[PDB]
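Heads up, my_file-v8.tsv below (TSV, C-alpha atoms):
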```tsv
chain	number	residue	atom	x	y	z
U	1	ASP	CA	2.33	-4.41	13.65
U	2	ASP	CA	5.37	-2.16	13.94
U	3	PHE	CA	4.50	-0.23	10.77
U	4	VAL	CA	1.08	0.66	12.22
U	5	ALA	CA	2.58	1.41	15.64
U	6	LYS	CA	4.98	3.93	14.11
U	7	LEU	CA	2.26	5.40	11.89
U	8	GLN	CA	-0.09	5.80	14.87
U	9	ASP	CA	2.64	7.45	16.94
U	10	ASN	CA	3.42	9.85	14.08
U	11	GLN	CA	-0.25	10.76	13.70
U	12	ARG	CA	-0.37	11.35	17.48
U	13	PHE	CA	2.62	13.69	17.18
U	14	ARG	CA	1.08	15.49	14.19
U	15	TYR	CA	-2.22	15.92	16.02
U	16	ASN	CA	-0.30	17.36	18.98
U	17	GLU	CA	1.44	19.77	16.60
U	18	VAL	CA	-1.92	20.85	15.16
U	19	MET	CA	-3.36	21.35	18.66
U	20	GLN	CA	-0.31	23.50	19.40
U	21	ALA	CA	-0.41	25.48	16.15
U	22	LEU	CA	-4.12	26.06	15.51
U	23	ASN	CA	-3.95	29.52	17.10
U	24	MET	CA	-1.88	31.15	14.33
U	25	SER	CA	-4.59	30.35	11.77
U	26	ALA	CA	-8.12	29.11	12.43
U	27	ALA	CA	-9.00	28.64	8.74
U	28	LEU	CA	-5.95	26.50	7.96
U	29	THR	CA	-6.76	24.39	11.03
U	30	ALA	CA	-9.73	22.84	9.20
U	31	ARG	CA	-7.42	21.76	6.37
U	32	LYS	CA	-4.99	20.34	8.93
U	33	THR	CA	-7.74	18.44	10.78
U	34	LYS	CA	-9.51	17.07	7.69
U	35	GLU	CA	-7.29	14.00	8.08
U	36	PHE	CA	-8.33	13.45	11.70
U	37	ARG	CA	-12.01	14.05	10.89
U	38	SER	CA	-11.98	11.60	7.97
U	39	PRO	CA	-13.21	8.03	8.60
U	40	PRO	CA	-10.38	5.66	9.59
U	41	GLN	CA	-10.44	3.81	6.26
U	42	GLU	CA	-10.07	7.15	4.47
U	43	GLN	CA	-7.28	8.10	6.89
U	44	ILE	CA	-5.29	4.93	6.20
U	45	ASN	CA	-5.87	5.21	2.44
U	46	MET	CA	-4.62	8.82	2.67
U	47	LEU	CA	-1.56	7.83	4.71
U	48	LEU	CA	-0.82	5.13	2.11
U	49	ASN	CA	-0.34	7.47	-0.88
U	50	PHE	CA	3.46	7.64	-0.79
U	51	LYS	CA	3.59	5.27	-3.74
U	52	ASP	CA	4.37	7.13	-6.98
U	53	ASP	CA	5.62	10.73	-6.92
U	54	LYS	CA	2.39	12.56	-6.02
U	55	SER	CA	3.60	12.44	-2.40
U	56	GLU	CA	0.84	14.45	-0.73
U	57	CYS	CA	0.54	12.02	2.19
U	58	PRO	CA	1.50	13.35	5.66
U	59	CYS	CA	4.02	10.57	6.20
U	60	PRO	CA	7.66	10.96	7.31
U	61	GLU	CA	10.54	9.81	5.16
U	62	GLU	CA	11.66	6.99	7.46
U	63	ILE	CA	8.18	5.49	7.88
U	64	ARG	CA	7.80	5.88	4.12
U	65	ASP	CA	11.07	4.02	3.49
U	66	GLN	CA	10.10	1.17	5.81
U	67	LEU	CA	7.22	0.22	3.51
U	68	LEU	CA	9.21	1.22	0.41
U	69	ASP	CA	11.62	-1.52	1.48
U	70	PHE	CA	9.11	-4.14	2.64
U	71	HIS	CA	7.18	-3.87	-0.63
U	72	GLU	CA	10.20	-4.76	-2.79
U	73	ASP	CA	11.17	-7.51	-0.34
U	74	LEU	CA	7.66	-8.89	-0.91
U	75	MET	CA	8.01	-8.53	-4.69
U	76	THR	CA	11.34	-10.38	-4.57
U	77	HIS	CA	9.67	-13.14	-2.57
U	78	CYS	CA	6.79	-13.28	-5.08
U	79	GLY	CA	9.28	-13.40	-7.96
U	80	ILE	CA	8.22	-10.12	-9.59
U	81	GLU	CA	11.78	-8.76	-9.57
H	1	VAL	CA	-18.44	18.04	16.39
H	2	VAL	CA	-17.00	16.16	19.37
H	3	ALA	CA	-17.26	12.85	17.51
H	4	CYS	CA	-15.48	14.25	14.46
H	5	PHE	CA	-12.76	15.95	16.51
H	6	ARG	CA	-11.86	13.28	19.09
H	7	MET	CA	-13.42	10.05	17.78
H	8	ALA	CA	-11.96	7.98	14.90
H	9	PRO	CA	-8.36	9.03	14.70
H	10	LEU	CA	-6.60	5.77	13.99
H	11	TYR	CA	-4.02	6.43	16.71
H	12	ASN	CA	-6.81	5.94	19.27
H	13	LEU	CA	-7.94	2.69	17.66
H	14	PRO	CA	-6.67	-0.60	19.12
H	15	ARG	CA	-3.63	-2.16	17.50
H	16	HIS	CA	-5.45	-5.03	15.77
H	17	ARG	CA	-8.18	-2.84	14.25
H	18	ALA	CA	-5.61	-0.44	12.80
H	19	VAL	CA	-3.58	-3.42	11.56
H	20	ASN	CA	-6.62	-4.81	9.73
H	21	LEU	CA	-7.39	-1.40	8.23
H	22	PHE	CA	-3.77	-1.13	7.10
H	23	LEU	CA	-3.97	-4.60	5.56
H	24	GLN	CA	-7.02	-3.67	3.50
H	25	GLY	CA	-5.62	-0.27	2.50
H	26	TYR	CA	-2.24	-1.75	1.60
H	27	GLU	CA	-3.95	-4.39	-0.53
H	28	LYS	CA	-6.05	-1.90	-2.50
H	29	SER	CA	-3.40	0.81	-2.83
H	30	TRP	CA	-0.30	-1.30	-3.55
H	31	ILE	CA	-0.97	-4.95	-4.45
H	32	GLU	CA	-3.78	-4.24	-6.91
H	33	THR	CA	-1.90	-1.30	-8.45
H	34	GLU	CA	1.27	-3.38	-8.85
H	35	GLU	CA	1.52	-4.08	-12.58
H	36	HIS	CA	3.94	-6.41	-14.35
H	37	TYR	CA	3.80	-7.44	-18.00
H	38	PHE	CA	4.35	-11.12	-18.79
H	39	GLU	CA	1.71	-12.07	-21.36
H	40	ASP	CA	3.88	-11.90	-24.48
H	41	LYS	CA	6.64	-14.02	-22.92
H	42	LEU	CA	4.12	-16.50	-21.49
H	43	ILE	CA	2.36	-16.96	-24.84
H	44	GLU	CA	5.67	-17.28	-26.70
H	45	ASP	CA	6.88	-19.95	-24.27
H	46	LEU	CA	3.54	-21.76	-24.56
H	47	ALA	CA	3.60	-21.48	-28.36
H	48	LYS	CA	7.15	-22.83	-28.63
H	49	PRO	CA	7.20	-26.51	-29.70
H	50	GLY	CA	9.66	-27.98	-27.23
H	51	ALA	CA	12.34	-30.16	-28.84
H	52	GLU	CA	9.87	-31.92	-31.14
H	53	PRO	CA	12.50	-33.44	-33.50
H	54	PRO	CA	14.65	-34.57	-30.54
H	55	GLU	CA	11.58	-36.18	-28.98
H	56	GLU	CA	10.62	-39.54	-30.50
H	57	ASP	CA	7.02	-39.09	-31.59
H	58	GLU	CA	7.20	-41.38	-34.67
H	59	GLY	CA	3.82	-39.97	-35.68
H	60	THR	CA	1.87	-36.81	-36.33
H	61	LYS	CA	3.37	-33.61	-34.93
H	62	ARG	CA	2.18	-33.00	-31.39
H	63	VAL	CA	0.06	-29.95	-30.64
H	64	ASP	CA	1.87	-27.23	-28.71
H	65	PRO	CA	0.77	-26.29	-25.17
H	66	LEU	CA	-1.00	-23.16	-26.41
H	67	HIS	CA	-2.92	-25.30	-28.90
```

Write the structure described by the file as structure tokens, please.
Amino acid sequence: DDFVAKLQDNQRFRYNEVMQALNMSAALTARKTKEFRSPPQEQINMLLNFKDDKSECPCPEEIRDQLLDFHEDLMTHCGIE
Amino acid sequence: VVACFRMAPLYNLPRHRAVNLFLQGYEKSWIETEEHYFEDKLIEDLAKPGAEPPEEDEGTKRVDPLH
């Protein structure tokens, strides 16, 4: 619940930034808005790429760390480590 | 073009729909990809005959759990 609330608010803020900044470059605006034009499943799968070190997802460090703490809490509960 | 621009950003979606989408995406991206190696240890523990001489079998040697 709260992870998705924060992610949705961040994507709102990023969309606002794009709507502010599209005027400098029209061509780069398509690359910025590919995320918002993608289907919602693709959007969430894109936002959930901060595992590993590829790190091309448009996710902030704090929202990233929230799940990068919950995941190891879950592994500890499951007995993985 | 209007549908692509202003329809289906997940910040406009209701909370529960986005939560379900996150559950599915989290599953596929993280839980499936999570890899831990245990097979060698599991098979060694299963193959170990557990305290057979201490245990009073007074007969043929009992088959190990792997067997």

Exercise for review: With a distance threshold of 9 Å and counting only C-alpha atoms, extract the residues of chain H near chain U and express them as a PyMOL selection string.
Suggested key: chain H and resi 3-13+15-16+18-19+21-22+24-26+28-30+36

Let's have the selection written as a PDB file, in the coordinates of the input, with C-alpha atoms.
```
ATOM      1  CA  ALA H   3     -17.260  12.850  17.510  1.00  0.00           C
ATOM      2  CA  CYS H   4     -15.480  14.250  14.460  1.00  0.00           C
ATOM      3  CA  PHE H   5     -12.760  15.950  16.510  1.00  0.00           C
ATOM      4  CA  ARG H   6     -11.860  13.280  19.090  1.00  0.00           C
ATOM      5  CA  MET H   7     -13.420  10.050  17.780  1.00  0.00           C
ATOM      6  CA  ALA H   8     -11.960   7.980  14.900  1.00  0.00           C
ATOM      7  CA  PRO H   9      -8.360   9.030  14.700  1.00  0.00           C
ATOM      8  CA  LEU H  10      -6.600   5.770  13.990  1.00  0.00           C
ATOM      9  CA  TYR H  11      -4.020   6.430  16.710  1.00  0.00           C
ATOM     10  CA  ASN H  12      -6.810   5.940  19.270  1.00  0.00           C
ATOM     11  CA  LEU H  13      -7.940   2.690  17.660  1.00  0.00           C
ATOM     12  CA  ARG H  15      -3.630  -2.160  17.500  1.00  0.00           C
ATOM     13  CA  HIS H  16      -5.450  -5.030  15.770  1.00  0.00           C
ATOM     14  CA  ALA H  18      -5.610  -0.440  12.800  1.00  0.00           C
ATOM     15  CA  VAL H  19      -3.580  -3.420  11.560  1.00  0.00           C
ATOM     16  CA  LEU H  21      -7.390  -1.400   8.230  1.00  0.00           C
ATOM     17  CA  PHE H  22      -3.770  -1.130   7.100  1.00  0.00           C
ATOM     18  CA  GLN H  24      -7.020  -3.670   3.500  1.00  0.00           C
ATOM     19  CA  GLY H  25      -5.620  -0.270   2.500  1.00  0.00           C
ATOM     20  CA  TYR H  26      -2.240  -1.750   1.600  1.00  0.00           C
ATOM     21  CA  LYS H  28      -6.050  -1.900  -2.500  1.00  0.00           C
ATOM     22  CA  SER H  29      -3.400   0.810  -2.830  1.00  0.00           C
ATOM     23  CA  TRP H  30      -0.300  -1.300  -3.550  1.00  0.00           C
ATOM     24  CA  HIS H  36       3.940  -6.410 -14.350  1.00  0.00           C
TER      25      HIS H  36
END
```

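Distance-wise, CA of residue 29 in chain U and CA of residue 53 in chain U end up 25.7 Å apart.
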
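Coordinates place CA of residue 25 in chain U at a distance of 23.4 Å from CA of residue 60 in chain U.
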
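Note that the spacing between CA of residue 66 in chain H and CA of residue 38 in chain H amounts to 15.2 Å.
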
Exercise for review: Quick one: everything within 12 Å of range 40-45 of chain H, counting all atoms listed in the file, minus sequence neighbours fewer than 3 positions away in the same chain. Send it as a PyMOL selection string.
Suggested key: chain H and resi 36-37+48-50+64-67
